[PDB]
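*Asks:* Please work out how this folds:
(6 chains)
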Amino acid sequence: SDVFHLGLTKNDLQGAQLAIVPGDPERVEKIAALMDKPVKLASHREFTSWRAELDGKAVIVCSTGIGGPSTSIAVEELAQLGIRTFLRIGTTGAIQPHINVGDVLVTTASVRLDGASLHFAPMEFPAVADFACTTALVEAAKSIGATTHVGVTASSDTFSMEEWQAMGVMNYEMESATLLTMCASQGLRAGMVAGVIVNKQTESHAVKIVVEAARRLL
Amino acid sequence: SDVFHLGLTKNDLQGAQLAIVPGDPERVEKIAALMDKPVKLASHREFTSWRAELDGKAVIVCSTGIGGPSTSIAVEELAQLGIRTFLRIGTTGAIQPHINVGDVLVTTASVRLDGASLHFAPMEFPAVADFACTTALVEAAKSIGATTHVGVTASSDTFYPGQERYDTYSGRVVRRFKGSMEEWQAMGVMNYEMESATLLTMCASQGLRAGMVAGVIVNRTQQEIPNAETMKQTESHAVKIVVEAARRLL
Amino acid sequence: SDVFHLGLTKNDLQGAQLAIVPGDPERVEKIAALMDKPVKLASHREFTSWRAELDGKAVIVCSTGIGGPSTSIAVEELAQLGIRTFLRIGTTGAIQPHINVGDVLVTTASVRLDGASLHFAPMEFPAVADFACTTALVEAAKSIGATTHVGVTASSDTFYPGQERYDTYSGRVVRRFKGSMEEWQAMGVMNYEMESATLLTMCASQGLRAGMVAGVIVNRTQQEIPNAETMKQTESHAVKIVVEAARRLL
Amino acid sequence: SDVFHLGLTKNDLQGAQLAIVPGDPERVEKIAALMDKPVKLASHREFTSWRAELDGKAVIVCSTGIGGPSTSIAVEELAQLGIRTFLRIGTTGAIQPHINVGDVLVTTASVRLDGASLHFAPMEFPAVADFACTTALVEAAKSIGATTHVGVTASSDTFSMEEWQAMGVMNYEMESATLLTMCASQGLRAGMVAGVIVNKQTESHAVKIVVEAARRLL
Amino acid sequence: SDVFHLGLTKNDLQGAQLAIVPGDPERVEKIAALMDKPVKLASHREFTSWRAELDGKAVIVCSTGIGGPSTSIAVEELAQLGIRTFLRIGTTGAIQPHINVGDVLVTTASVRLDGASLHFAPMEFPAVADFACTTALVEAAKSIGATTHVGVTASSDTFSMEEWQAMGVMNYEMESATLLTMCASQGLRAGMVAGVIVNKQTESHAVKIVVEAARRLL
Amino acid sequence: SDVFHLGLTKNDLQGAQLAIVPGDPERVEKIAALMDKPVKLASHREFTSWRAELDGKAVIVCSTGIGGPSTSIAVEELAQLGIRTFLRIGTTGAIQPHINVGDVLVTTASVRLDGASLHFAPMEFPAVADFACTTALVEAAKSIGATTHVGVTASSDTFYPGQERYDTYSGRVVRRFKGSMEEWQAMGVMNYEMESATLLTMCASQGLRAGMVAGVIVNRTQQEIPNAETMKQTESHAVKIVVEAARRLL
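*Replies:* Residues are numbered from 1 along each chain as shown, chains lettered A, B, ... in the order given. Sure, structure below:
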């Protein structure tokens, strides 16, 4: 293998430059199933990867595991293999009264309440998403008629609240702060989308949206 | 007036809900003239305000002055007067060799190297721009054929040490900022300015929309000096862009 | 199950109060096999659990996955299920030239270069191991004739910049970690890993006992590459050691 | 111009080595009016400057604008032009029961609750005034029979309280922390005086005091 | 003298490689009295030192004074003279209901609420005791039948509580954080033991325990 | 006694409200002898106290010992006994090449590189000296014809790494202090000492007056070694100065 954890080689990617990075293997398979020529590449610890194609171009789908630490490994090694655009999809609850279950959330930037993001940039640096990716997710969501909210997500290491709600924070999760910061401070494009499950259909649509967004970014 | 600094009444705004906020009062009239029925509302200190019309809707153009403290006063009072969308327009220097004079920068979020933003949200909170505003600014730039760069900006409470300038009286830069510019450059930061951290953070945490566009008038990383119109043409384009963006946000 | 992630019921543990917690689920069965009546309890994501018997007492072997967040979930749920003693076992790289491949490291406390630990105790609080556990691990190591090093470990939220690795995509390390490895080396830190800060801090602040042992399978400060059994023999010894230690802690 | 913002040249200062730095242009004119040969030099954005003379020596009066950020620009560029002593005068409220409207406050050091001071020295460094300047302000105040209080001022970026009062803090403003720190850490002398307007006569006397203090420091 | 404060020379130590470091001179004398050939070496400010022998090997006993600052001086200069193992003994109160007056506390690591420890290592570094020393203290305590508790001690600069109690902290004092951190980050072995006097017999036994622990570490 | 450490009763002070606080108890009697009717009050650990008379008023001379923790105890107990004005006197080394042995330093404020001060006021609060005390000390120095330097002092919780000394056992200085001395020098800091941050901060935040004077007995930035009377004459002058200053503060 060309990398320490993923068990992948550059050749395995077949020129892929974009990767979709959900948290678990189950979701990886479901995402890969929506694309062309899905092929399972490897599975080591929390990192299960597949290769697939969109409009004739190779795309990678790889699970990140739980939290910023494991996420940072997957993103770095995928970068080493040639990936330059990362799209994460997840399912989360919402903390705003106007956000309904089934809605889709596109994250513009995250509140950095994690530890790993600090390993890439000091706290003053924004955990901001790439404009092209954010645009692609919003466009994809709109193309399937999804009710979408675009804004800030609070990201922490644990599985201050009322304050985040009062500040307009949409939801909570644990990986976006690390993902967005490590990409925005290293010349990598990153996007984040999530289906609201509380405040598998919402997940299926969020999954479809991330795939259609990927298509726009190839 | 119903505000302690701008010297404006809510009636003066004619129900305007969008404001273009340049830093220099000298640029206010110029921007207002681009629109319909421009009228000078007030002028107190560095807070010069004009009102205009764009496609039937009243719009405000008000200067912020230099720095986050000055900017917070302008933004908070305008918000008290009903403004819900803020578009900052300015001219800036770039810190990336590939960014050229005449190019346009649209900021997605800023590095918070200031103090005022901390009064509106903890450091962990991102100084992020509103999506609709950023989209509007990117589309307006493209419609004009401008070479655009979309990304991160470093917002500093100082023009000198915070931007790691050494051609100063002391020639010294405190530890925190020694080698900081090279770091920001390596992280893909486009430029330095001094008001966005406050503007973006206070708007994003208070349900207000804000965006920022700037024309590059100099690049300290290139040895070629900016053409005689070191500002003019570029400033004009930047103004054109923010007005066109506002037109899509009313 | 009575826990949201491990998919285990308290009854599944058979009253076990000690758990051996490796990071990789692939190593769980191997460890469980060293003991009596090993049985696979569950396997959800990177949380693979087996139950076994040691001198008449039920013991649990459950993987933690990578990182403090993942580890906190495993530890908290196991604690909810009755586990009061945690022994982490792993393989690691060393950062001291005098530490050789095949040697064994027993950690007294860790440098908290993570985020999860902060949710259980402020930074001022030490990520310290329980004395009984550390003693048990040191004695088990000695009983096997292993070359043992007892001291501080650096626990990082990242495998790359936090361990000051430059052979990366960007080749860049943020200021905070530039020159950090040489500093840790000068302070006598033995190695880097990614879960101990969370494990030790949450146990020490919640009345639970925890210890950690690891077999050295590589040393980035030595040019000689690890023998073909870069892991095997050493892993085997490390597993032998933690099981023997557990035997003294029941 | 020899500087980026002020629109001034070294020649414009005619050897001036001391500058009085109030916040607004109106106050600049009033201060310059108390000295000999007052001449308006320039006005760019928040920086309006005048030149005048005291005992035959040139002195500069220049507005700083609002907050530490703009203040830091004015002070640096004036330093580049040769100014080595800075005296700020302002009008503020007081937070101590024994301080009466009309009294004069001379700041020995400031609580650093601003952002700009950190761009010159780490937080452990004191935002302390120069001894000669503080002495000159106290002497000037006493010479006109002003009731004076000497002590600490809290300085922040916004336009913790009861705590400052309990700690003996005299008043609140937004520029002294930056001014004092940037000068005390760069070999420049700085002083701060203020008239109490709540808790234009108090201002007129504070203005006279800063001019008479300047005279003692030439 | 070979050092700035202690007034000692390398020769004075006669090969000593271990030092017992209590806080006051009275305790120094009492400790030295338990060993062979006790000799008072010097007394300068808070640093009073004696030399003695255990199993034919020279050992130093030296007072540290109050707090991390003075402690850091004593430990550094003793290190310069050849000491490589330091054992501190003190008397403290306890904050846990199950800890009784007369019990002995052996510190595994300390909560770093002091200022001096930061002069040796960043806050993330643990103020952890050396394993051999901790083991020697526990063994010595057990050998005289003392009721012993092993765990964390909170160390501050002043002469958050309920929180420390809830986190299992055993007691409070002011020197261990500095001692343990400066030793663990500089290749020096350090141990900490204390007799509980509230929550001279407990002191006499704690004193005996530190001497017997020293014997095991020569 | 009515205090837990000094072993003094309020009656012992004879109503004194000013105290001269040197660090070394050995220097207490020397200072007390300069005044009228000197008498040894007590001596407990490094807290040696004497009482004297100056122009009819009772004055106290009490040692503080080394470091902020020790100093806070002395100051707080003396304050409990009625002392409202504290004058610290000491001998120090300088870090500025232009400051010579024999010169006198009067401190306006200190860099808080300690921990004890933080218990009395947050870091943002300045470790500033009282104006009356500083004026009194500057005037007393001038009256004696001493070459005086008035400015900032760096107060450290350590004599070694905090003062960036490398001639130590480890020869190592933690990141925070690497290159710190050159920084302090560039900022015009006059010297290093270890008690002022605590003394000045606790007095300034509690309505008490405090000042500090010190005689330079060495300069690590000059290669010339201090004359055989490396302390004597200078110490004598420093003592003379603080007594004369106290005379103006009663």
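
*Asks:* Please work out which residue of chain A is closest to chain E.
*Replies:* Using CB to the nearest CB, residue A:115 is the residue of chain A that sits closest to chain E, at 10.6 Å. Quick note: C-beta positions are derived from backbone N, CA and C, even for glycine.

*Asks:* Quick check: that residue touching residue C:68?
*Replies:* Yes. The criterion here is CB atoms under 8 Å, and residue A:115 meets it with residue C:68 at 7.1 Å.

*Asks:* ok, these two, which is more surrounded?
*Replies:* More neighbours surround residue C:68 than the other of residue A:115 and residue C:68, with 38 against 31 (other CB atoms under 10 Å in any protein chain shown).

*Asks:* Can you read off the backbone torsions of that one?
*Replies:* phi -60, psi -40 (degrees, to the nearest 10).

*Asks:* ok now do it, which residues does it touch?
*Replies:* A:67, A:69, A:115, A:157, C:114-117, C:155, C:157, C:194-195, C:197-198 (CB atoms under 8 Å, 6 or more residues apart in numbering or on different chains).

*Asks:* if you set the cut-off to 6 Å instead, what comes out?
*Replies:* Contacts for residue C:68 (CB atoms under 6 Å, 6 or more residues apart in numbering or on different chains) come out as C:114, C:116, C:198.

*Asks:* show me which of those residues neighbour chain A.
*Replies:* Contacts with chain A are made by C:114, C:116 out of the contacts of residue C:68, judged by CB under 6 Å from any CB of the partner chain.

*Asks:* okay if I get the contacts of residue C:68 as JSON lines plus secondary structure?
*Replies:* As requested, these are exported to JSON lines (DSSP: H, G, I helix; E, B strand; the rest coil):
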{"residue": "C:114", "secondary structure": "coil"}
{"residue": "C:116", "secondary structure": "helix"}
{"residue": "C:198", "secondary structure": "helix"}
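
*Asks:* The residue of chain A closest to chain E: what's its closest spatial neighbour, skipping adjacent residues?
*Replies:* residue C:115 (1.9 Å; CB to CB, 6 or more residues apart in numbering or on different chains).

*Asks:* so what's the one you found up against?
*Replies:* A:114-115, A:157, C:157.

*Asks:* if we go to 8 Å?
*Replies:* By CB under 8 Å, 6+ apart, the residues touching residue C:115 are A:68, A:114-116, A:118, A:156-157, C:68-69, C:157.

*Asks:* In chain A, what residue comes closest to chain D?
*Replies:* Distances between chain A and chain D by CB to the nearest CB are smallest at residue A:124, namely 10.6 Å.

*Asks:* Check the offset of stretch A:115-129 from the chain's centre.
*Replies:* How far stretch A:115-129 lies from its chain's middle: 16 Å, per CA atoms, centre = their mean, to the nearest Å.

*Asks:* Also stretch A:53-64?
*Replies:* Using CA atoms, centre = their mean, the offset of stretch A:53-64 from its chain centre is 13 Å.

*Asks:* Beta-bridge partners for the residue sitting nearest the centre point of chain A, please?
*Replies:* Nearest residue to the geometric centre of chain A (CA atoms, centre = their mean): residue A:88, 0.9 Å. Going by DSSP bridges, residue A:88 is paired in beta bridges with residue A:192.

*Asks:* Next: the one 5 residues further on.
*Replies:* Beta-bridge partners of residue A:93, counted by DSSP bridges, are residue A:198.

*Asks:* Would you mind measuring from residue A:88 to chain F?
*Replies:* 34 Å (CB to the nearest CB, to the nearest Å).

*Asks:* just residue A:112 next, same as before
*Replies:* 23 Å.

*Asks:* Repeat that for residue A:18.
*Replies:* Counting by CB to the nearest CB - residue A:18 and chain F are separated by 39 Å.

*Asks:* same question, residue A:148
*Replies:* From residue A:148 to chain F the distance is 43 Å (CB to the nearest CB).

*Asks:* Residue A:76 too?
*Replies:* 25 Å.

*Asks:* For chain A, give the residue positioned nearest to chain C.
*Replies:* Distances between chain A and chain C by CB to the nearest CB are smallest at residue A:115, namely 1.9 Å.

*Asks:* Next, work out how far apart that residue and chain B are.
*Replies:* Taking CB to the nearest CB as the measure, residue A:115 falls 12 Å from chain B.

*Asks:* cool, residue A:11 as well?
*Replies:* 29 Å.

*Asks:* now residue A:44
*Replies:* The gap separating residue A:44 from chain B is 30 Å, by CB to the nearest CB.

*Asks:* Tell me the residue of chain A that sits nearest chain F?
*Replies:* For chain A, CB to the nearest CB, closest residue to chain F: residue A:122, 14.7 Å.

*Asks:* tell me the two of the contacts of residue C:115 that are most distant?
*Replies:* Taking CB to CB, the two most distant members of the contacts of residue C:115 are A:118 and C:69; they sit 14.4 Å apart.
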